[PDB]
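> Take a look at protein_24.pdb, PDB, N, CA and C atoms:
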MODEL        1
ATOM      1  N   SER A   2     176.316 -70.760-158.335
ATOM      2  CA  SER A   2     177.440 -70.491-157.448
ATOM      3  C   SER A   2     177.120 -70.878-156.007
ATOM      4  N   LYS A   3     178.138 -70.777-155.148
ATOM      5  CA  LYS A   3     178.014 -71.225-153.764
ATOM      6  C   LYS A   3     177.075 -70.324-152.970
ATOM      7  N   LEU A   4     177.389 -69.029-152.896
ATOM      8  CA  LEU A   4     176.525 -68.088-152.193
ATOM      9  C   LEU A   4     175.210 -67.863-152.929
ATOM     10  N   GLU A   5     175.190 -68.097-154.245
ATOM     11  CA  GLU A   5     173.943 -68.205-154.998
ATOM     12  C   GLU A   5     173.022 -69.267-154.407
ATOM     13  N   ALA A   6     173.547 -70.482-154.216
ATOM     14  CA  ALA A   6     172.757 -71.549-153.609
ATOM     15  C   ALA A   6     172.448 -71.265-152.142
ATOM     16  N   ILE A   7     173.333 -70.540-151.448
ATOM     17  CA  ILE A   7     173.077 -70.151-150.058
ATOM     18  C   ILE A   7     171.888 -69.197-149.975
ATOM     19  N   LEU A   8     171.843 -68.203-150.866
ATOM     20  CA  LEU A   8     170.728 -67.259-150.875
ATOM     21  C   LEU A   8     169.433 -67.926-151.326
ATOM     22  N   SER A   9     169.522 -68.851-152.290
ATOM     23  CA  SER A   9     168.345 -69.618-152.694
ATOM     24  C   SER A   9     167.829 -70.487-151.552
ATOM     25  N   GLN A  10     168.742 -71.072-150.769
ATOM     26  CA  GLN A  10     168.351 -71.872-149.616
ATOM     27  C   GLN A  10     167.758 -71.006-148.511
ATOM     28  N   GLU A  11     168.238 -69.768-148.362
ATOM     29  CA  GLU A  11     167.641 -68.857-147.388
ATOM     30  C   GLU A  11     166.228 -68.454-147.796
ATOM     31  N   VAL A  12     166.003 -68.251-149.097
ATOM     32  CA  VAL A  12     164.654 -67.966-149.586
ATOM     33  C   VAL A  12     163.737 -69.172-149.378
ATOM     34  N   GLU A  13     164.257 -70.383-149.618
ATOM     35  CA  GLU A  13     163.483 -71.598-149.359
ATOM     36  C   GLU A  13     163.181 -71.766-147.873
ATOM     37  N   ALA A  14     164.116 -71.367-147.007
ATOM     38  CA  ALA A  14     163.887 -71.442-145.567
ATOM     39  C   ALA A  14     162.835 -70.434-145.120
ATOM     40  N   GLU A  15     162.821 -69.248-145.737
ATOM     41  CA  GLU A  15     161.781 -68.266-145.441
ATOM     42  C   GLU A  15     160.407 -68.759-145.879
ATOM     43  N   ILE A  16     160.326 -69.364-147.070
ATOM     44  CA  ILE A  16     159.064 -69.931-147.552
ATOM     45  C   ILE A  16     158.611 -71.079-146.652
ATOM     46  N   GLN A  17     159.566 -71.891-146.182
ATOM     47  CA  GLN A  17     159.254 -73.010-145.298
ATOM     48  C   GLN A  17     158.733 -72.532-143.948
ATOM     49  N   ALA A  18     159.382 -71.518-143.366
ATOM     50  CA  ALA A  18     158.912 -70.948-142.107
ATOM     51  C   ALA A  18     157.544 -70.298-142.269
ATOM     52  N   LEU A  19     157.308 -69.652-143.418
ATOM     53  CA  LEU A  19     156.015 -69.030-143.691
ATOM     54  C   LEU A  19     154.903 -70.072-143.767
ATOM     55  N   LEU A  20     155.143 -71.171-144.492
ATOM     56  CA  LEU A  20     154.103 -72.186-144.627
ATOM     57  C   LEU A  20     153.887 -72.954-143.327
ATOM     58  N   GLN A  21     154.946 -73.170-142.536
ATOM     59  CA  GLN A  21     154.777 -73.825-141.240
ATOM     60  C   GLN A  21     153.991 -72.954-140.268
ATOM     61  N   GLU A  22     154.257 -71.642-140.261
ATOM     62  CA  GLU A  22     153.481 -70.739-139.417
ATOM     63  C   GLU A  22     152.034 -70.646-139.885
ATOM     64  N   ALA A  23     151.809 -70.713-141.202
ATOM     65  CA  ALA A  23     150.447 -70.711-141.729
ATOM     66  C   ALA A  23     149.690 -71.970-141.319
ATOM     67  N   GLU A  24     150.360 -73.129-141.369
ATOM     68  CA  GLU A  24     149.750 -74.379-140.914
ATOM     69  C   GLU A  24     149.429 -74.337-139.425
ATOM     70  N   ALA A  25     150.350 -73.802-138.615
ATOM     71  CA  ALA A  25     150.142 -73.733-137.170
ATOM     72  C   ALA A  25     148.979 -72.813-136.814
ATOM     73  N   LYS A  26     148.917 -71.635-137.444
ATOM     74  CA  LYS A  26     147.832 -70.709-137.138
ATOM     75  C   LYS A  26     146.491 -71.195-137.677
ATOM     76  N   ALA A  27     146.474 -71.853-138.844
ATOM     77  CA  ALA A  27     145.221 -72.395-139.364
ATOM     78  C   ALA A  27     144.715 -73.543-138.502
ATOM     79  N   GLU A  28     145.637 -74.367-137.988
ATOM     80  CA  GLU A  28     145.266 -75.423-137.055
ATOM     81  C   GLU A  28     144.708 -74.847-135.762
ATOM     82  N   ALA A  29     145.306 -73.757-135.266
ATOM     83  CA  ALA A  29     144.803 -73.124-134.048
ATOM     84  C   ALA A  29     143.425 -72.502-134.261
ATOM     85  N   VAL A  30     143.196 -71.911-135.441
ATOM     86  CA  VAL A  30     141.904 -71.298-135.751
ATOM     87  C   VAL A  30     140.810 -72.356-135.846
ATOM     88  N   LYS A  31     141.058 -73.429-136.609
ATOM     89  CA  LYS A  31     140.050 -74.479-136.713
ATOM     90  C   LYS A  31     139.873 -75.224-135.392
ATOM     91  N   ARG A  32     140.918 -75.275-134.558
ATOM     92  CA  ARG A  32     140.815 -75.902-133.244
ATOM     93  C   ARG A  32     139.898 -75.108-132.323
ATOM     94  N   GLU A  33     140.128 -73.792-132.224
ATOM     95  CA  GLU A  33     139.299 -72.971-131.344
ATOM     96  C   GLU A  33     137.871 -72.846-131.866
ATOM     97  N   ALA A  34     137.684 -72.817-133.194
ATOM     98  CA  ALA A  34     136.331 -72.851-133.739
ATOM     99  C   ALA A  34     135.657 -74.185-133.460
ATOM    100  N   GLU A  35     136.438 -75.268-133.406
ATOM    101  CA  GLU A  35     135.882 -76.562-133.037
ATOM    102  C   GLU A  35     135.477 -76.593-131.569
ATOM    103  N   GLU A  36     136.252 -75.954-130.680
ATOM    104  CA  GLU A  36     135.847 -75.947-129.268
ATOM    105  C   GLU A  36     134.648 -75.041-129.003
ATOM    106  N   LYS A  37     134.466 -73.988-129.837
ATOM    107  CA  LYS A  37     133.339 -73.051-129.728
ATOM    108  C   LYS A  37     132.047 -73.607-130.331
ATOM    109  N   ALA A  38     132.152 -74.375-131.424
ATOM    110  CA  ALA A  38     131.054 -75.250-131.840
ATOM    111  C   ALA A  38     130.764 -76.311-130.777
ATOM    112  N   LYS A  39     131.805 -77.013-130.321
ATOM    113  CA  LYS A  39     131.834 -77.681-129.028
ATOM    114  C   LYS A  39     131.704 -76.626-127.928
ATOM    115  N   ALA A  40     131.388 -77.019-126.730
ATOM    116  CA  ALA A  40     130.899 -76.161-125.638
ATOM    117  C   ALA A  40     129.713 -75.219-125.956
ATOM    118  N   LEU A  41     129.460 -74.804-127.224
ATOM    119  CA  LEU A  41     128.184 -74.160-127.502
ATOM    120  C   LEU A  41     127.101 -75.204-127.700
ATOM    121  N   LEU A  42     127.457 -76.299-128.380
ATOM    122  CA  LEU A  42     126.598 -77.471-128.459
ATOM    123  C   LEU A  42     126.380 -78.108-127.092
ATOM    124  N   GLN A  43     127.299 -77.904-126.147
ATOM    125  CA  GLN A  43     127.055 -78.334-124.775
ATOM    126  C   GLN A  43     126.039 -77.423-124.096
ATOM    127  N   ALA A  44     126.261 -76.102-124.181
ATOM    128  CA  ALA A  44     125.465 -75.138-123.423
ATOM    129  C   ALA A  44     124.005 -75.120-123.867
ATOM    130  N   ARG A  45     123.755 -75.064-125.182
ATOM    131  CA  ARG A  45     122.363 -74.959-125.616
ATOM    132  C   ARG A  45     121.609 -76.275-125.450
ATOM    133  N   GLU A  46     122.305 -77.416-125.544
ATOM    134  CA  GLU A  46     121.653 -78.699-125.298
ATOM    135  C   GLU A  46     121.258 -78.846-123.837
ATOM    136  N   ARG A  47     122.155 -78.472-122.913
ATOM    137  CA  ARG A  47     121.818 -78.557-121.493
ATOM    138  C   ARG A  47     120.715 -77.574-121.118
ATOM    139  N   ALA A  48     120.716 -76.383-121.734
ATOM    140  CA  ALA A  48     119.665 -75.407-121.462
ATOM    141  C   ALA A  48     118.304 -75.881-121.966
ATOM    142  N   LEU A  49     118.251 -76.447-123.178
ATOM    143  CA  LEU A  49     116.975 -76.916-123.710
ATOM    144  C   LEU A  49     116.480 -78.162-122.982
ATOM    145  N   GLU A  50     117.398 -79.035-122.551
ATOM    146  CA  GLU A  50     117.007 -80.191-121.751
ATOM    147  C   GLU A  50     116.437 -79.759-120.403
ATOM    148  N   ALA A  51     117.053 -78.754-119.768
ATOM    149  CA  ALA A  51     116.528 -78.251-118.504
ATOM    150  C   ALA A  51     115.191 -77.540-118.685
ATOM    151  N   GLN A  52     114.990 -76.878-119.830
ATOM    152  CA  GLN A  52     113.694 -76.270-120.128
ATOM    153  C   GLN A  52     112.606 -77.326-120.280
ATOM    154  N   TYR A  53     112.928 -78.428-120.968
ATOM    155  CA  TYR A  53     112.005 -79.554-121.099
ATOM    156  C   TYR A  53     111.655 -80.157-119.738
ATOM    157  N   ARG A  54     112.661 -80.318-118.869
ATOM    158  CA  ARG A  54     112.414 -80.860-117.533
ATOM    159  C   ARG A  54     111.539 -79.932-116.698
ATOM    160  N   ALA A  55     111.825 -78.624-116.715
ATOM    161  CA  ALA A  55     111.026 -77.674-115.943
ATOM    162  C   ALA A  55     109.595 -77.582-116.459
ATOM    163  N   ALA A  56     109.401 -77.735-117.775
ATOM    164  CA  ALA A  56     108.051 -77.800-118.324
ATOM    165  C   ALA A  56     107.308 -79.035-117.828
ATOM    166  N   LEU A  57     108.002 -80.178-117.730
ATOM    167  CA  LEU A  57     107.352 -81.385-117.216
ATOM    168  C   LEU A  57     106.991 -81.258-115.738
ATOM    169  N   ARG A  58     107.885 -80.661-114.938
ATOM    170  CA  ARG A  58     107.593 -80.418-113.522
ATOM    171  C   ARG A  58     106.391 -79.497-113.345
ATOM    172  N   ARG A  59     106.324 -78.422-114.136
ATOM    173  CA  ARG A  59     105.190 -77.509-114.031
ATOM    174  C   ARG A  59     103.895 -78.160-114.506
ATOM    175  N   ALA A  60     103.969 -79.026-115.524
ATOM    176  CA  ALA A  60     102.774 -79.706-116.013
ATOM    177  C   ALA A  60     102.236 -80.703-114.993
ATOM    178  N   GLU A  61     103.121 -81.475-114.352
ATOM    179  CA  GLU A  61     102.639 -82.424-113.353
ATOM    180  C   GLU A  61     102.153 -81.717-112.091
ATOM    181  N   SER A  62     102.741 -80.561-111.751
ATOM    182  CA  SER A  62     102.231 -79.780-110.627
ATOM    183  C   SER A  62     100.844 -79.218-110.921
ATOM    184  N   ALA A  63     100.637 -78.717-112.145
ATOM    185  CA  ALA A  63      99.328 -78.205-112.540
ATOM    186  C   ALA A  63      98.280 -79.311-112.570
TER     187      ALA A  63
ATOM    188  N   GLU B  70     116.096 -78.237-131.649
ATOM    189  CA  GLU B  70     115.070 -77.420-131.013
ATOM    190  C   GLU B  70     113.674 -77.806-131.481
ATOM    191  N   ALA B  71     113.511 -78.100-132.778
ATOM    192  CA  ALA B  71     112.216 -78.577-133.264
ATOM    193  C   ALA B  71     111.854 -79.924-132.645
ATOM    194  N   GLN B  72     112.859 -80.790-132.467
ATOM    195  CA  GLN B  72     112.653 -82.100-131.860
ATOM    196  C   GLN B  72     112.179 -81.983-130.417
ATOM    197  N   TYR B  73     112.872 -81.179-129.607
ATOM    198  CA  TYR B  73     112.447 -81.062-128.216
ATOM    199  C   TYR B  73     111.175 -80.243-128.046
ATOM    200  N   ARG B  74     110.878 -79.320-128.968
ATOM    201  CA  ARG B  74     109.600 -78.610-128.927
ATOM    202  C   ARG B  74     108.429 -79.558-129.161
ATOM    203  N   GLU B  75     108.534 -80.407-130.190
ATOM    204  CA  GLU B  75     107.451 -81.348-130.451
ATOM    205  C   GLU B  75     107.373 -82.428-129.375
ATOM    206  N   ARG B  76     108.517 -82.807-128.792
ATOM    207  CA  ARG B  76     108.499 -83.753-127.683
ATOM    208  C   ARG B  76     107.824 -83.155-126.454
ATOM    209  N   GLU B  77     108.054 -81.860-126.203
ATOM    210  CA  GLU B  77     107.396 -81.167-125.100
ATOM    211  C   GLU B  77     105.890 -81.133-125.293
ATOM    212  N   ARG B  78     105.441 -80.811-126.514
ATOM    213  CA  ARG B  78     104.006 -80.769-126.803
ATOM    214  C   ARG B  78     103.363 -82.140-126.619
ATOM    215  N   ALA B  79     103.996 -83.183-127.171
ATOM    216  CA  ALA B  79     103.422 -84.525-127.133
ATOM    217  C   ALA B  79     103.366 -85.074-125.711
ATOM    218  N   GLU B  80     104.456 -84.919-124.948
ATOM    219  CA  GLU B  80     104.479 -85.463-123.595
ATOM    220  C   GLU B  80     103.566 -84.678-122.660
ATOM    221  N   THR B  81     103.505 -83.347-122.816
ATOM    222  CA  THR B  81     102.643 -82.539-121.959
ATOM    223  C   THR B  81     101.169 -82.836-122.212
ATOM    224  N   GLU B  82     100.777 -82.988-123.484
ATOM    225  CA  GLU B  82      99.396 -83.351-123.790
ATOM    226  C   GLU B  82      99.059 -84.751-123.288
ATOM    227  N   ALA B  83      99.967 -85.716-123.498
ATOM    228  CA  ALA B  83      99.714 -87.092-123.089
ATOM    229  C   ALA B  83      99.692 -87.265-121.577
ATOM    230  N   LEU B  84     100.328 -86.366-120.830
ATOM    231  CA  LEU B  84     100.269 -86.445-119.377
ATOM    232  C   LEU B  84      99.064 -85.692-118.815
ATOM    233  N   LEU B  85      98.722 -84.549-119.420
ATOM    234  CA  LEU B  85      97.572 -83.777-118.965
ATOM    235  C   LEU B  85      96.258 -84.504-119.231
ATOM    236  N   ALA B  86      96.188 -85.302-120.305
ATOM    237  CA  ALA B  86      94.971 -86.070-120.564
ATOM    238  C   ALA B  86      94.730 -87.119-119.484
ATOM    239  N   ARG B  87      95.796 -87.795-119.046
ATOM    240  CA  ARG B  87      95.676 -88.759-117.959
ATOM    241  C   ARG B  87      95.333 -88.073-116.645
ATOM    242  N   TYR B  88      95.822 -86.844-116.445
ATOM    243  CA  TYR B  88      95.444 -86.094-115.247
ATOM    244  C   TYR B  88      93.962 -85.719-115.248
ATOM    245  N   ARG B  89      93.429 -85.304-116.406
ATOM    246  CA  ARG B  89      91.995 -85.022-116.517
ATOM    247  C   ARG B  89      91.159 -86.272-116.267
ATOM    248  N   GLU B  90      91.607 -87.413-116.800
ATOM    249  CA  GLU B  90      90.864 -88.657-116.617
ATOM    250  C   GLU B  90      90.894 -89.119-115.163
ATOM    251  N   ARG B  91      92.039 -88.962-114.491
ATOM    252  CA  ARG B  91      92.122 -89.327-113.082
ATOM    253  C   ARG B  91      91.287 -88.389-112.220
ATOM    254  N   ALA B  92      91.170 -87.117-112.617
ATOM    255  CA  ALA B  92      90.314 -86.183-111.891
ATOM    256  C   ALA B  92      88.845 -86.571-111.999
ATOM    257  N   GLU B  93      88.395 -86.907-113.214
ATOM    258  CA  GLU B  93      87.002 -87.308-113.405
ATOM    259  C   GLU B  93      86.688 -88.606-112.666
ATOM    260  N   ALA B  94      87.624 -89.565-112.701
ATOM    261  CA  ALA B  94      87.448 -90.820-111.977
ATOM    262  C   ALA B  94      87.397 -90.599-110.471
ATOM    263  N   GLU B  95      88.250 -89.710-109.948
ATOM    264  CA  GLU B  95      88.283 -89.451-108.511
ATOM    265  C   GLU B  95      87.017 -88.744-108.039
ATOM    266  N   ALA B  96      86.501 -87.810-108.844
ATOM    267  CA  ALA B  96      85.274 -87.105-108.478
ATOM    268  C   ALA B  96      84.070 -88.042-108.479
ATOM    269  N   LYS B  97      83.937 -88.867-109.528
ATOM    270  CA  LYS B  97      82.831 -89.820-109.576
ATOM    271  C   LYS B  97      82.945 -90.861-108.465
ATOM    272  N   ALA B  98      84.174 -91.267-108.131
ATOM    273  CA  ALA B  98      84.378 -92.262-107.086
ATOM    274  C   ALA B  98      84.039 -91.712-105.706
ATOM    275  N   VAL B  99      84.410 -90.459-105.421
ATOM    276  CA  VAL B  99      84.096 -89.922-104.101
ATOM    277  C   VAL B  99      82.602 -89.615-103.986
ATOM    278  N   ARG B 100      81.933 -89.269-105.099
ATOM    279  CA  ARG B 100      80.483 -89.082-105.028
ATOM    280  C   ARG B 100      79.749 -90.399-104.801
ATOM    281  N   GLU B 101      80.148 -91.471-105.500
ATOM    282  CA  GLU B 101      79.465 -92.747-105.288
ATOM    283  C   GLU B 101      79.812 -93.358-103.934
ATOM    284  N   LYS B 102      80.987 -93.045-103.380
ATOM    285  CA  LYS B 102      81.283 -93.493-102.024
ATOM    286  C   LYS B 102      80.454 -92.727-101.003
ATOM    287  N   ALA B 103      80.271 -91.422-101.216
ATOM    288  CA  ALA B 103      79.552 -90.609-100.245
ATOM    289  C   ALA B 103      78.044 -90.816-100.299
ATOM    290  N   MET B 104      77.504 -91.205-101.457
ATOM    291  CA  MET B 104      76.050 -91.256-101.601
ATOM    292  C   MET B 104      75.443 -92.437-100.852
ATOM    293  N   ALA B 105      76.058 -93.619-100.951
ATOM    294  CA  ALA B 105      75.519 -94.789-100.264
ATOM    295  C   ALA B 105      75.758 -94.719 -98.762
ATOM    296  N   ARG B 106      76.800 -94.010 -98.344
ATOM    297  CA  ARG B 106      77.153 -93.851 -96.942
ATOM    298  C   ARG B 106      76.279 -92.811 -96.240
ATOM    299  N   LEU B 107      75.492 -92.048 -96.998
ATOM    300  CA  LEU B 107      74.650 -90.974 -96.485
ATOM    301  C   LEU B 107      73.491 -91.540 -95.650
ATOM    302  N   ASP B 108      72.762 -90.621 -95.008
ATOM    303  CA  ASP B 108      71.579 -90.724 -94.157
ATOM    304  C   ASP B 108      71.947 -91.214 -92.755
ATOM    305  N   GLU B 109      73.188 -91.628 -92.515
ATOM    306  CA  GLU B 109      73.649 -91.776 -91.143
ATOM    307  C   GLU B 109      73.859 -90.416 -90.497
ATOM    308  N   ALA B 110      74.456 -89.483 -91.238
ATOM    309  CA  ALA B 110      74.842 -88.194 -90.684
ATOM    310  C   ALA B 110      73.677 -87.227 -90.547
ATOM    311  N   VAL B 111      72.609 -87.401 -91.334
ATOM    312  CA  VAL B 111      71.484 -86.474 -91.242
ATOM    313  C   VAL B 111      70.757 -86.660 -89.914
ATOM    314  N   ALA B 112      70.771 -87.878 -89.363
ATOM    315  CA  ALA B 112      70.237 -88.089 -88.026
ATOM    316  C   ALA B 112      71.137 -87.470 -86.967
ATOM    317  N   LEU B 113      72.449 -87.433 -87.215
ATOM    318  CA  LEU B 113      73.382 -86.828 -86.266
ATOM    319  C   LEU B 113      73.183 -85.319 -86.189
ATOM    320  N   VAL B 114      73.147 -84.651 -87.347
ATOM    321  CA  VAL B 114      72.938 -83.205 -87.354
ATOM    322  C   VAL B 114      71.521 -82.851 -86.896
ATOM    323  N   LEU B 115      70.521 -83.677 -87.227
ATOM    324  CA  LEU B 115      69.159 -83.393 -86.795
ATOM    325  C   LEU B 115      68.977 -83.661 -85.307
ATOM    326  N   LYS B 116      69.788 -84.542 -84.727
ATOM    327  CA  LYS B 116      69.722 -84.758 -83.293
ATOM    328  C   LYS B 116      70.452 -83.662 -82.535
ATOM    329  N   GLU B 117      71.543 -83.138 -83.091
ATOM    330  CA  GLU B 117      72.333 -82.161 -82.352
ATOM    331  C   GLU B 117      71.833 -80.728 -82.527
ATOM    332  N   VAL B 118      71.144 -80.422 -83.630
ATOM    333  CA  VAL B 118      70.514 -79.110 -83.770
ATOM    334  C   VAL B 118      69.343 -78.971 -82.805
ATOM    335  N   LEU B 119      68.466 -79.971 -82.770
ATOM    336  CA  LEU B 119      67.249 -79.886 -81.974
ATOM    337  C   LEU B 119      67.573 -79.962 -80.484
ATOM    338  N   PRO B 120      66.869 -79.194 -79.640
ATOM    339  CA  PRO B 120      67.137 -79.190 -78.199
ATOM    340  C   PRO B 120      66.666 -80.464 -77.504
TER     341      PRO B 120
ENDMDL
END
Take the structure I supplied and represent it as structure tokens, if you would.

Amino acid sequence: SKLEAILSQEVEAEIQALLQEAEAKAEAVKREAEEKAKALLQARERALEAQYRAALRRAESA
Amino acid sequence: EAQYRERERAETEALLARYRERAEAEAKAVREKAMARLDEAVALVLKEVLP
């Protein structure tokens, strides 16, 4: 029937909105985890490089 | 971290060995420079101590 198909289309629209919101939030989660793997890979690399440099400065001073 | 740790060990040892070698060379060089140049100054101190 007509309103039968209308209610079925409303259920399909709810499922569509649910899956689109799931895609958006999963993309945001993997994005922020990618930036935290990023910028953490920045911070510890710069810290260890500076530790290596300070060790070389102290060795040549000694 | 393992890579930069072993790089730190290798570079620090390889630089400190050259520092030890330059120290030994500098000490032997200043002794051999001072030894042949000696006996000029012993007359100076022996002349200025004595009245």
> Within 12 Å of chain A, which residues belong to chain B? Use only C-alpha atoms and report them as a short mmCIF file (atom, residue, chain, number, x, y, z; two decimals) with N, CA and C atoms, in the coordinates of the input.

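Final output, iface-v7.cif:
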data_model
loop_
_atom_site.label_atom_id
_atom_site.label_comp_id
_atom_site.auth_asym_id
_atom_site.auth_seq_id
_atom_site.Cartn_x
_atom_site.Cartn_y
_atom_site.Cartn_z
N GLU B 70 116.10 -78.24 -131.65
CA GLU B 70 115.07 -77.42 -131.01
C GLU B 70 113.67 -77.81 -131.48
N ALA B 71 113.51 -78.10 -132.78
CA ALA B 71 112.22 -78.58 -133.26
C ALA B 71 111.85 -79.92 -132.65
N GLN B 72 112.86 -80.79 -132.47
CA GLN B 72 112.65 -82.10 -131.86
C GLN B 72 112.18 -81.98 -130.42
N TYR B 73 112.87 -81.18 -129.61
CA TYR B 73 112.45 -81.06 -128.22
C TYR B 73 111.18 -80.24 -128.05
N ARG B 74 110.88 -79.32 -128.97
CA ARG B 74 109.60 -78.61 -128.93
C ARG B 74 108.43 -79.56 -129.16
N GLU B 75 108.53 -80.41 -130.19
CA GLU B 75 107.45 -81.35 -130.45
C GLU B 75 107.37 -82.43 -129.38
N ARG B 76 108.52 -82.81 -128.79
CA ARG B 76 108.50 -83.75 -127.68
C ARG B 76 107.82 -83.16 -126.45
N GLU B 77 108.05 -81.86 -126.20
CA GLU B 77 107.40 -81.17 -125.10
C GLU B 77 105.89 -81.13 -125.29
N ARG B 78 105.44 -80.81 -126.51
CA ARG B 78 104.01 -80.77 -126.80
C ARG B 78 103.36 -82.14 -126.62
N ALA B 79 104.00 -83.18 -127.17
CA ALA B 79 103.42 -84.52 -127.13
C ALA B 79 103.37 -85.07 -125.71
N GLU B 80 104.46 -84.92 -124.95
CA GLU B 80 104.48 -85.46 -123.60
C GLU B 80 103.57 -84.68 -122.66
N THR B 81 103.50 -83.35 -122.82
CA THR B 81 102.64 -82.54 -121.96
C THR B 81 101.17 -82.84 -122.21
N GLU B 82 100.78 -82.99 -123.48
CA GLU B 82 99.40 -83.35 -123.79
C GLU B 82 99.06 -84.75 -123.29
N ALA B 83 99.97 -85.72 -123.50
CA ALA B 83 99.71 -87.09 -123.09
C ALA B 83 99.69 -87.26 -121.58
N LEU B 84 100.33 -86.37 -120.83
CA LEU B 84 100.27 -86.44 -119.38
C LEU B 84 99.06 -85.69 -118.82
N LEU B 85 98.72 -84.55 -119.42
CA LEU B 85 97.57 -83.78 -118.96
C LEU B 85 96.26 -84.50 -119.23
N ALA B 86 96.19 -85.30 -120.30
CA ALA B 86 94.97 -86.07 -120.56
C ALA B 86 94.73 -87.12 -119.48
N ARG B 87 95.80 -87.80 -119.05
CA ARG B 87 95.68 -88.76 -117.96
C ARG B 87 95.33 -88.07 -116.64
N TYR B 88 95.82 -86.84 -116.44
CA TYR B 88 95.44 -86.09 -115.25
C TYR B 88 93.96 -85.72 -115.25
N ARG B 89 93.43 -85.30 -116.41
CA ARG B 89 92.00 -85.02 -116.52
C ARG B 89 91.16 -86.27 -116.27
#
> How many Å lie between atom N of residue 104 of chain B and atom N of residue 120 of chain B, rounded to one decimal?
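Separating atom N of residue 104 of chain B from atom N of residue 120 of chain B is a distance of 27.1 Å.
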> Hey, can you check how far atom CA of residue 115 of chain B sits from atom CA of residue 101 of chain B?
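Atom-to-atom, atom CA of residue 115 of chain B and atom CA of residue 101 of chain B are spaced 23.1 Å apart.
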> What is the atom CA of residue 33 of chain A-atom CA of residue 18 of chain A distance in Å, reported with one decimal?
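About the pair atom CA of residue 33 of chain A and atom CA of residue 18 of chain A: they are 22.5 Å apart.
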